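Okay, so here's the structure we're looking at.
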Amino acid sequence: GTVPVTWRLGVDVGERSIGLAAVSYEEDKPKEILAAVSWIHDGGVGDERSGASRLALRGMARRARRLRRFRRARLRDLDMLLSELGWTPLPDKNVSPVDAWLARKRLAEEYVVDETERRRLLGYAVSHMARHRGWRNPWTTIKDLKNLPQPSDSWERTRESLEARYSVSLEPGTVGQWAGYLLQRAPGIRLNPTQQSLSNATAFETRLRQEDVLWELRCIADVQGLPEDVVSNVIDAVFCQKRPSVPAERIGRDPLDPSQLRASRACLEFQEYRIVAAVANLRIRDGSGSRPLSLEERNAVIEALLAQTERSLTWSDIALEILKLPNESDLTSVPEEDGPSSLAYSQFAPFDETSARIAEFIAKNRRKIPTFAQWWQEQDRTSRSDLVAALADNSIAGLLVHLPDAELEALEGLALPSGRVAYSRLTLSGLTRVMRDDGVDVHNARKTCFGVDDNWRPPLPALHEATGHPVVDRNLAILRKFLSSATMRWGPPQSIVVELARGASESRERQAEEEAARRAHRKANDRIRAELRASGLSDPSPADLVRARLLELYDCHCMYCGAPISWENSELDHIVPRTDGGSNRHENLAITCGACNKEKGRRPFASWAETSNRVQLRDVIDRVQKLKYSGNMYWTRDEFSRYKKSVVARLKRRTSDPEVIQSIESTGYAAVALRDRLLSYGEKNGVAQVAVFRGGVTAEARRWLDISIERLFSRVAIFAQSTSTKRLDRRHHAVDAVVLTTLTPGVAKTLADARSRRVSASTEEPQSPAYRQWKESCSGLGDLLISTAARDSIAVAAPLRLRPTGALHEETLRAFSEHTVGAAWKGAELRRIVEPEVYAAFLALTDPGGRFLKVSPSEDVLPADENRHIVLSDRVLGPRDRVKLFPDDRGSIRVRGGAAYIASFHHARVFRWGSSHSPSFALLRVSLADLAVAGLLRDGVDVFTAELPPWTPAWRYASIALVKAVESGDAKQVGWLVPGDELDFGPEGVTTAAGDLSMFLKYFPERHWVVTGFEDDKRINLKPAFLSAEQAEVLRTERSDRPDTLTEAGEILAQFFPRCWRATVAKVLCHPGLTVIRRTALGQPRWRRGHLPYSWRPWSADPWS
RNA sequence: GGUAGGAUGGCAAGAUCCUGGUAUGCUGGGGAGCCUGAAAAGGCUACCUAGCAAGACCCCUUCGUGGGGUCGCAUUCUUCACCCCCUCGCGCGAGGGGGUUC
DNA sequence: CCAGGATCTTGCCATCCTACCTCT
Ligand SMILES: [Mg+2]
Ligand SMILES: [Mg+2]
Ligand SMILES: [Mg+2]
Ligand SMILES: [Mg+2]
Ligand SMILES: [Mg+2]
Ligand SMILES: [Mg+2]
Ligand SMILES: [Mg+2]
Ligand SMILES: [Mg+2]
Ligand SMILES: [Mg+2]
Ligand SMILES: [Mg+2]
């Protein structure tokens, strides 16, 4: 079975692709391309418009389900409490729309004397407050909510705006009181802002907070004189909220101790470890050399950094006052970036941060927790560390001292430095003890405390272990399929080459502005961090830093309309929204008021500003452009300029264009994680080395091996000047992987130097031995790639999605239409009947000797009969009676008393009937709702051959010829076609071109076509396999940059894409030599029929068993 | 030494999920106001209320077409088949995962 | 949208380790 040869593996990752090569070798030269293939994956994306992954959509749906389930349980507990109290909950129907609001208003205004009426109004109000309670921090308890200032400043500003807007003053002016007053005074007023799409205004502008509803509840209990235990139980039932939790398996494991969880940043062991490691990395000047700090100097600096309350010790202070050095610059190896006026020495040394937080909390709360203050001063650092570990790991889903419950609530309300560190608590304590006692650094402490050697590297994940990142998992699944198939074919690889997504070929001024930008970012982030710790934000997130930056930048106003905003009612609006692919980069983030954010919604900003009467486009662009530079802000001059241009360019767009910036993080993560798992495979399988090379070393290798993708695959120019990029053809990933199999480190250094020389703005051949042996080894690589591409041995393949999982139907429920039994029945109304047995009865009426509905969508099928009684299996309909019908004449299923359209088609079943010399073809397009209502979403079901009933939307909206042929007993299923199946038209190409395809084939003779969809009953959507789609996107964008940068072939490609080939099923499946190609992991077509999807010719496919 | 990789700590910029909430929206049931109406019933603006993938599994029950709980859109060659790994871990065939070469 | 937890990438600063090439 295995034919072992010496071969190398090249791995070239991409965001939507991965190129994998198995290249058999000689002593240093390539011998044969064993397999080269570009695998085109979706990056996990199931939301093509938004870019959100399938895992992200599943997680948001699951969390919405969990929210609804917890809300239902909480409301049931409230209903039990109201039944205990004798308070009547708000009824489901037959009450006024304003009964709850007037209940809240009256209970806030005057004492209700009537006993049953007061209980009814209290039940109405409390049930309505539980349904609409406002937002609170989920990490804060109900006691913290009671500790909040009531009402919030947002509601006080909203109430001031309402008293100004309506010239009245309600007392005490609660949310229910103002809402009832406005719903009675100005009927039809909306309360909260919503998305715009003749117009009106809204009553409230900010997000309702839970302290506002809590304060209204306290005001109602104060007016009505309710007992305190009663209102405390009511507050517990209304504002009950499940605390957020961290699953323990979501926390990584310690590499030195693989059973233990990674320690939190809050741990005092980590704070000591960071201090001792930072001190152990410092050096001291000694006669043009450097020495490590001696053990007494280590102890002095370490005790000065441990015994610290705040950031008071700079590295200059460590050099001068602690080390007693004559000069500041004698302290070398300071772990900061250097700058003017000794910036690195002016940066601050680390300290015990958790001990500072706990000591400051004690100093502010001596009377609140004096027992804890005495106990904290009493305990040693081991029990202190165990306390701190318990306080840090309370957030884990899955306190050693009998403390009072108020002290427990104050301690769990304490804010500690979050984040995980690399090691566990035991490992950190052991390493710290070894570094303190032996006077060694971290590497020697690891060698001592664990017995590891100098070659020790942390354990790496195996190939079967996923990461949880969708793009990385796509690349890894493709890689492990390729590696298993290649290992069983040719044995294990001799070495493995992975391309990392790292680059360094930049000019010195680019490095200078990046260093100055980093300096400015750190300085402004430190100042804003100090302001937020002064303001109570103990641990500012990057979102908090962005929010404080834009509050400072726009003088606490909204960016869009200019309304004054606070910290708590402002919102960080994605200017390009998340549902249009917008990123969390700070140029995409605008500070808003919440009302502007809700009214903009998911729309582009320029279109929203055109439609809206609240903001103006020119005013927002002008307000951005008049921002002026100052002394010390976050951006540099050039960064402030580019920030203004990128913000303005985001504010100016009118369509839902794709996002400008794409995720290079998942490219680097895919390369790094695939390298780690390939290293695990190499440890298991005896691979000699796993080598890594930069992104710009492979391209420089390809351009110095006289290989260009245009010349290799006979591509044409698509630009008027110069030559286009190599990304037109999808096979360039496999060519990149083939080139990667050749590279060695010395050649990598020389091509990196050549690239740095070239981008340092002809052409000098690089001067080195390693380049010369690489060229003499790889002179035949060009001939080998030409011979491989001429036979089309390089494959572009898309992995199939065959599992019947995903959205069963479209999200929006739709109201049922209706049609009288004894009236005229057309074809579209007969195809829309909701009830399957009523449907089958109408088919029995039109055609008793038939099982399907073979009627035209426009023809009048049944006449208007006043004596037509549809006899059901259990009922008789009347001619006056009406039938539920689906609203529109497309595939639909009934969902929860409404109608939902079916989702995208899971597959098409290919049917072939007629003569063998001239067959007829059709597709039974089957969706996930078809299998859902056919009961096929269970165990032991082949979804591509399991029979569907005639009332499913597959058989309802099949073609008339297909329906008549299955009725006649001539059409049997011969295969299936998922979106992503490759069609091979043979070496002769395709003949049925006309109009746009004929012009496409004069520049692009494409024989390989990928199914993307099934638009209607006689059309299959095909795109060329070999040509990219993002390439077509950037060509169509770059057409309008200059007056006709493109050539004629570029215009042909841009006017073929993105609709590509809207084919015709009975035309394209009758091509001679057409084969539906199902490939193996090595890009080779699977032809032997086993238990995996095989290749099949539609013209000569035998019928299904 | 220089280049490249890896560790740890720091700084900066981002990505990916996960947990809990808010508000909207959709559909069913309602209705406060307004309009067109009325021997002749529907819309509009809000608001209230239930549900918000189809469904699966467990427990009820002082027996019901329902109450309660846990889940259900990922891992993209479904199912079947053969091999492998971790867990039902006695060379057990039941849960998850992985591979099947043209 | 909100708070906040977890995983990870890239780039710089410091330290340690590894392999590898290039000169003298
Ligand atoms: Mg590449
Ligand atoms: Mg809720
Ligand atoms: Mg609520
Ligand atoms: Mg509203
Ligand atoms: Mg927004
Ligand atoms: Mg690539
Ligand atoms: Mg409403
Ligand atoms: Mg609602
Ligand atoms: Mg449900
Ligand atoms: Mg498989």
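What number of residues within the stretch A:1008-1051 satisfy the criterion of being over 22 Å from A:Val1065 (Cα atoms) and not charged (D, E, K, R)? Lay out the reasoning, then the answer.
The initial filter retains those residues of the stretch A:1008-1051 that are over 22 Å from A:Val1065 (Cα atoms), namely A:1027-1051.
Pick out the ones that are also not charged (D, E, K, R) and you get A:1027-1029, A:1031-1032, A:1034-1035, A:1037, A:1040, A:1043, A:1045-1047, A:1049-1050.
Residues that pass the stated criteria total 15.
Does any residue in the stretch A:231-257 that is within 10 Å of DNA strand C (Cβ to nearest atom) come within less than 7 Å, Cβ to Cβ, of a residue that is in a helix (DSSP H, G or I) six or more places away or on a different chain, and which pairs are these?
A:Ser245/A:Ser395; A:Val246/A:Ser395; A:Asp254/A:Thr427
I want to confirm something. Restricting to the stretch A:726-750 and keeping residues that are more than 12 Å from ligand 1 (Cβ to nearest atom) and in a loop (DSSP other than H, G, I, E, B), which single residue is farthest from A:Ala790 (Cα to Cα)?
Pass one, the stretch A:726-750, residues more than 12 Å from ligand 1 (Cβ to nearest atom): A:728-731, A:741-742, A:744-750.
Among the residues that remain, those that are also in a loop (DSSP other than H, G, I, E, B) are: A:730-731, A:741-742, A:744.
On the way: A:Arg730: 15, A:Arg731: 13, A:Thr741: 21, A:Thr742: 21, A:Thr744: 28 Å.
Applying the filter and picking the extreme gives A:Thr744.
List the number of the failed condition for A:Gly986; all other conditions in (1) more than 30 Å from A:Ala841 (Cβ to Cβ); (2) surrounded by 21 or more Cβ atoms within 10 Å (Cβ to Cβ) hold.
Of (1) more than 30 Å from A:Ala841 (Cβ to Cβ); (2) surrounded by 21 or more Cβ atoms within 10 Å (Cβ to Cβ), only one is false for A:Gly986: (2).
For the stretch A:6-24, check the following and say yes or no: at least one residue is touching a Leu at 6+ places or on another chain (Cβ under 6 Å), over 27 Å from A:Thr744 (Cα atoms) and more than 6 Å from RNA strand B (Cβ to nearest atom).
The answer is no; no qualifying residue exists.
So, A:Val624, is that one crowded, with 21+ Cβ neighbours inside 10 Å, among the β-branched types (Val, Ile, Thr) and under 23 Å from A:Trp567 (Cα atoms) or not?
On the way: crowded, with 21+ Cβ neighbours inside 10 Å: no; among the β-branched types (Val, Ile, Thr): yes; under 23 Å from A:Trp567 (Cα atoms): yes.
No, not satisfied.
Looking only at the stretch A:424-458, which residues are in a helix (DSSP H, G or I) and among the hydroxyl-bearing types (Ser, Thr, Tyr)?
Here is the first cut: in the stretch A:424-458, the residues in a helix (DSSP H, G or I) are A:425-438, A:442-450.
Within the stretch A:424-458, A:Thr427, A:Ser429, A:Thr432, A:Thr448 meet the criteria.
Starting from the stretch A:674-692, take each residue that is under 17 Å from A:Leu20 (Cβ atoms) and list its partners that are small (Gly, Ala, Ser), counting only C-beta distances under 6 angstrom and pairs at least six apart or across chains.
Close Cβ pairs (under 6 Å, with a partner that is small (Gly, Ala, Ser)) amount to A:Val690/A:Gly682.
In the stretch A:825-864, how many are touching a strand residue (DSSP E or B) at 6+ places or on another chain (Cβ under 6 Å), over 19 Å from A:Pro949 (Cα atoms) and of a type in the set (A, V, I, L, M)?
Going through the stretch A:825-864 one residue at a time, the tally reaches 2.
Picking from A:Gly594, A:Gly562, A:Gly601, A:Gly631, which residue would you name as being under 19 Å from A:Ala203 (Cα atoms) and away from ligand 5 (no atom under 14 Å from the Cβ)?
Criteria check complete, one pass: A:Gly562.
Does the stretch A:88-142 hold any residues that are within 29 Å of A:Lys242 (Cβ to Cβ) and among the β-branched types (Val, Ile, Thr), and which are they?
Of everything in the stretch A:88-142, those that are within 29 Å of A:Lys242 (Cβ to Cβ) and among the β-branched types (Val, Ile, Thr) turn out to be A:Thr88, A:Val126, A:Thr140, A:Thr141, A:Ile142.
If the Cβ limit is 8 Å and pairs must be 6+ apart or interchain, which residue in the stretch A:463-483 that is part of a helix (DSSP H, G or I) pairs with which residue that is surrounded by fewer than 21 Cβ atoms within 10 Å (Cβ to Cβ) and among the aromatic types (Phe, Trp, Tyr)?
Partner pairs satisfying both residue conditions: A:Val471/A:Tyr669; A:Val472/A:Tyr669.
Can you give me the number of residues within the stretch A:190-217 that are away from DNA strand C (no atom under 16 Å from the Cβ) and part of a loop (DSSP other than H, G, I, E, B)?
7
Scan (1) part of a helix (DSSP H, G or I); (2) more than 26 Å from the chain's Cα centre (by Cα); (3) outside the structural domain of A:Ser583 (by TED's automatic domain parsing) for the single condition A:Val692 breaks and write down its number.
(1)
Can A:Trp101 be described as in a helix (DSSP H, G or I) and either buried (at least 21 other Cβ atoms within 10 Å of the Cβ) or assigned by TED's automatic domain parsing to the domain that holds A:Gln773 (or both)? Walk me through how you get there before you give the answer.
On the way: in a helix (DSSP H, G or I): yes; either buried (at least 21 other Cβ atoms within 10 Å of the Cβ) or assigned by TED's automatic domain parsing to the domain that holds A:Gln773 (or both): yes.
Criteria met by A:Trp101.
So basically every Cβ, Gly included, is an ideal-geometry build from the backbone, and we count neighbours across all protein chains shown. What is reported rests on the model, the rules as stated and the sources as named; none is laboratory data.
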